[PDB]
RNA sequence: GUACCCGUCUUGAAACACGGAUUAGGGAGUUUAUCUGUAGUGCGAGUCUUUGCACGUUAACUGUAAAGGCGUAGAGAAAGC
RNA sequence: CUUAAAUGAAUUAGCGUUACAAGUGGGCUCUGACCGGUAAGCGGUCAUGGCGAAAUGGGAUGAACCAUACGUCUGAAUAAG
RNA sequence: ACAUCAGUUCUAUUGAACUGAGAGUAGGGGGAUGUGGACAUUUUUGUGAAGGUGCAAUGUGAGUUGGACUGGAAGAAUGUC
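Laid out in C-alpha cells, this is it:
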C-alpha cells in the first residue's frame, strides 16, 4: 500500500505527460486537415469545369 | 382412409436451417487402392527409419 | 450490378452527387465500431479506426 | 480409511497476494470508460 | 425431490409437457423388447447389432474356482509393487551372490505373468503358476528366475 | 430525499379474462392457454397482458406516495435495520403488534428519526 | 422488423458452477490476472478453473516425469487437475509441480525426492507472467463413457462399443456382428 | 503452532496447543450435503393402509 | 370508439360440433428396481463398509476385522495364447 | 532439406466438434408449372411464399390476398388503401 | 422517456457506461410467488392471534402490506429440508 501510493504518483505524471503530448499532436493535425478540405473543394470545382 | 402419399413442401426449409459440408479426413483410402502399390509404400517407410 | 438486378423490386437506388454524400455523413453518419453502432460525434473516433488507411477526419 | 483433508489454497484470503509488488509490477494500468458527446466537428466547412 | 421436478412448473399448461395431438398413453410400442424382428427392429439393428441368433459351444456345469476358468493375471512391469519399497532398495545394492528376494504372486492371487512393460536390472525370483514367452524372456534379461507351481 | 416524480405506467389491476362474469373465477391474473382464446391472440378489445413493458423505474420501485420505501417492522429489535438507510427507506409496523408495543415503537422512532408509514390505528 | 438469426448455438461457461469458497476464490485471482496482464497463459488457467470435473482429467505422475525429462530446473509443471501417482514408475525425478490437489500417495513421492508442492495462489506471487512454466492437460477421450460416443454401433464400421451389461458369447455376437449370420455390420 | 489457554475450574491453569484437525478448511456445501442426507436416516418409515 | 363464449379434437369453431344452471370443499406425471447421460461432492490404481460384530444419551450416530462387488487385459465357438 | 516472390475477384461473415432430450410422423393454401376428370370450395404432385403458431391497418364482412410482421407510452411523416 | 433480455467496452468484492432486439401453438431452458409439515435462528399475541367481510396503497405479475368492523386463541418471519 505504501509502494502502491508511491507508484500512483508516477501514473499521475505519466498521464499528464501524454495529456500535453496528444494535445500538441492534435494541433498539428488541425493544420493538416484544413489544406485537405481546401484541396477537395478546388478539386471538385475543377472537375465540374473540366467536363462542362 | 385415403390420406396423402408424400410431400416435398418444406424439405428445402429444413435442409437449409442447418447443407453442412462433410470434410474428408485424408485423400488416400487404404481399405481400397491397389495392394501392390500399398505393399511397396510400406517398404518405403520401413527402410527409411533404419 | 447483377446482384442488384435480382433485388430490383425491393430497393430504390441511384447515383448521389457530392453535396448529398456530404450531408448524409455530417447529419446521420455513424461508425459501426466493434459491432456497436456508435454515433460519429468527433473526428478522433474515425482517426483511431481508419488512420492507418490515411483517412484522418470526416472530410477524408 | 480416512485421512485428513487438504485445502486447495495455502492462504486464507486472496487480497495479500494481489496487492504484493511481485504481482503489481507486471499489471497494466487501470482503465476507465469515457462517456461520449451528443453533438460542428470540422474546422472549415465554409470553404465548401 | 418433488420441488425440483419439471412437472411442478408445468401447472396451468394442460398437457404437462406431453403433447395435444398424440396424447401420452401407456403402450405405444408394446412391452419391453417387443417387436424386435418387426416394428422396433430399427432400434435393435441400429444400437445393438448381433442381438438375434445363436453362437458358440454350450458349456455345462461351469465353475469359476477350477484352474480352467480362474486365471488372474499380473504384469512384469510391476511385481515389485507386491513387495514393500525398503526391500528392493537393499536388493539393488548386492553382489552376484546371495539374498535374492522371492516375489510370491500366488499368495497375492496372481497365477499368470504377462510382459507389457519394463523392469530394472535387479535380481529377483518370480514364483507363479504360468508365464508368457516374452515375460519369461524379460525376467531372464533383468537377471532373475522363473519358478513354476 | 430527492427523487423523480413517481409515475406508474398502469393505474389499475389486471383481471383474468371472463372473471367479471363468474364468481367461481377469481380476479387474480392467469395467463390464458386456450387454443381458440381471443385473449392469447391479442385481438382488439381484449386487455393488454402483464409483461416487462409495464415495469416501473428502477429508482422509484416499491416507493410510496410519501417518498420512502416501506420495510416491515415486527419488533423493537428489527428497527435496527433502518438505522443505516434513514432517509431512503421508512418503517411500517405490523398489524399483529398490539397497542402497548405500538406506542414504544413510535417512541423509539422519534429518537432515531425514522418516518413511520402506518397511520391512524386509533384510540 | 429486422432479419436476424436470434437463436444461440453456443453457450460458454463464464464462471464456475461449484459452490466452494476456494475454487470460486482462485478463479477470481486468475480472472483478475487474465484481464489485467493481458496474457495467453493466465487466460487458459482462468478458463480451466471454470470447466467441469469430467474435463479436468487426472494427470498421472509418470506423464509428469516424461514431460519434464529434458526441461531444466526452475521450471514448474502447472496443471489444473488432480495429480495421481503411478505404481509402475519406480524412481521419481526431483520435480517442481503446481496443481489443485494431489493424492496423498503422490505428495509423499514428490516430497521424498526433494520436489515441490505448490498451490495456485502461491504460484500467482512467483510467476505472474508464467515465464518458464509448462501447462499440461490430460486427454479428454480417456474416459470409458467416451468410447460409447460416436457413430452408432453397426454403421460399418463404428468401432463404438454397444452399451451392454454382460460380455461373452450369447450377448450380441450373432446376426449383425459376423458374416456367417447374414451380414457383418 | 498457535495456542489457546485452558481455564482453571474456578481462571487459567495452563496453555495447550491446538490439534491438527483445526487446520482443515470449513465447507458449508459439504456439511449441508452430508447433514441433509444423514438426517433422513434419523426417521421412521410410515405408510397409508395399503 | 372498440369488444362474437370459454374449454376441446381439428387443415379450419362465434358456429346449426361436443362439455358447461349456481357456489363451496375434494380432484390427475408419483414411487420402486435395473440402467443411460450431464452437473455437484469425496477418495483415487484403487474404491465401496453394507451382510455382520463392537458401541450408544439407542431403529440414528460412532468404531472396525475379513471377504465380496465393480475397476485394474484382451481377442477367440474353443483348445491353447 | 531448401532457390526464387508474394497474400493476386466482388460483397459479406468468427468458424469447427460433441453429448442428452422434448414435441412431431392427419396438414391446408395464394401465384405460376402439371397428371386424371365435363367440371368442382374435386382427387394426386412440383417451386417460392402464406396460414397452422402472425397481431394491427386495408379488401363493408372473411384463417390463406395487399401493406407489415408486435415491450409500455408520447409525437412526426408514410405504406396498402 | 421508461422496462426487460442479450451483447460491447471496462471493473473484484456482484457494479459502471453504451449499443442492439422485440409474434408465438406442440415443446425445451432460466429466475420468482404461494400451500401442509420439519430442523435451526428471531419474534408477535386477552392494551386482542388466526380466520372472515369491505377499503386504501404496493409489485410487470403470481402476490404482499396497511388501517376499520367482526372474532376470542394462537400466528408469522429469515435460511436450509
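Chains as they are written, first to last, in PDB author numbering: chain Z, 9 to 60; chain V, 2 to 19, 21 to 52; chain X, 121 to 180; chain U, 266 to 304, 310 to 318; chain B, 2 to 150; chain L, 5 to 127; chain A, 2 to 186; chain C, 3 to 12, 14 to 53. Virtual Cβ for every residue (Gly too), placed ideally from N, Cα, C.
Residues of the stretch 19 to 34 of chain C that bring their beta carbon within less than 8 Å of a beta carbon in chain U comprise 23, 24, 26, 27 and 28, in sequence order. Proximity of chain A to residue 138/B at the Cβ level (cut-off 9 Å) is not reached, the minimal Cβ distance being about 19 Å. The residues 58, in chain order, have a CB closer than 8 Å to that of residue 140/A in the same chain once the five nearest residues on each side in sequence are set aside. The beta carbon of residue 43/L is closer than 7 Å to those of 21, 36 and 50 in its chain, skipping five residues each way along the sequence.
By DSSP's assignment, residue 77/L forms a beta bridge with 97/L. Nearest to residue 278/U by C-alpha distance, out of 89/A, 26/A and 53/A, is 26/A.
The three-state secondary structure of residue 136/X, taken from DSSP, is coil. Spanning the alpha carbons of residue 106/L and residue 12/L requires a straight line of approximately 32 Å. Following the DSSP letters along the chain, one finds residue 21/Z inside the alpha helix (DSSP H) bounded by residues 10 to 59. Within the same chain, 14 and 17 come within 6 Å of residue 51/A by CB-CB distance, once the 5 residues on both sides are set aside. Exposure of residue 24/V is indicated by the presence of fewer than 16 other C-beta atoms within 10 angstroms of its C-beta. A residue is called buried once 16 or more other Cβ atoms fall within 10 Å of its Cβ, and residue 6/L, having fewer, is exposed. Between residue 127/L and residue 103/L a beta carbon distance of about 7 Å is seen, short of the 8 Å cut, so the two are scored as contacting. Using a Cβ-Cβ cut-off of 8 Å, residue 268/U does not count as an interface residue toward chain C, since no Cβ of chain C sits closer than that to its own. Between residue 86/B and the set 54/A, 56/A, 53/A and 90/A, the nearest pair of CA atoms involves 90/A. Boundaries cannot be given for residue 67/B, as no alpha helix (DSSP H) includes it and DSSP labels it neither H nor E. Pairing residue 46/A with residue 81/A gives a Cβ-Cβ distance under 8 Å.
Bridge partners of residue 128/B according to DSSP: 105/B and 148/B. Judged by DSSP secondary structure, residue 33/V falls outside any beta strand (DSSP E); it is assigned neither H nor E.
Looking at the DSSP output, residue 7/C shares a beta bridge with 18/C. In the structure shown, the three-state DSSP call for residue 25/C is helix. Closest in alpha carbon position to residue 17/V, among 22/A, 181/A and 6/A, is 6/A.
Its Cα nearest to that of residue 134/A, the residue 121/A stands out among 121/A, 145/A and 146/A.
Annotation: the continuous alpha helix (DSSP H) that includes residue 109/L extends over 103 to 116. Within 10 angstroms of the beta-carbon of residue 125/A lie 16 or more other beta-carbons, which makes it buried. Close CB contacts of residue 172/A within its chain, under the 7 Å cut and outside five residues either way in sequence, are with 165 (chain order). Straight-line measurement puts the Cα of residue 48/A at about 12 Å from the Cα of residue 30/A.
Each of 8/B, 7/B and 121/B was checked against the Cα of residue 144/B, and the nearest Cα belongs to 121/B. If you ignore the 5 residues before and after residue 93/L, its C-beta comes within less than 7 Å of the C-beta of 72, 73, 75 and 86, all in its own chain and listed in chain order.
Collapsing the DSSP output to three states places residue 146/X in a helix. Approximately 4 Å separates the beta-carbon atoms of residue 97/A and residue 117/A; this is inside 8 Å, confirming the contact. Counting along the chain, no beta strand (DSSP E) covers residue 45/B; the unbroken alpha helix (DSSP H) around it starts and ends at 42 to 48. Judged by their CB atoms, residue 106/A and residue 83/A are not nearer to each other than the 8 Å cut-off.
Proximity of chain Z to residue 314/U at the Cβ level (cut-off 7 Å) is accounted for by 42 and 45, in chain order.
CA-CA distance, residue 35/V to residue 18/B, rounds to 53 Å. Contacts with chain C at 8 Å (Cβ-Cβ) do not include residue 100/A.
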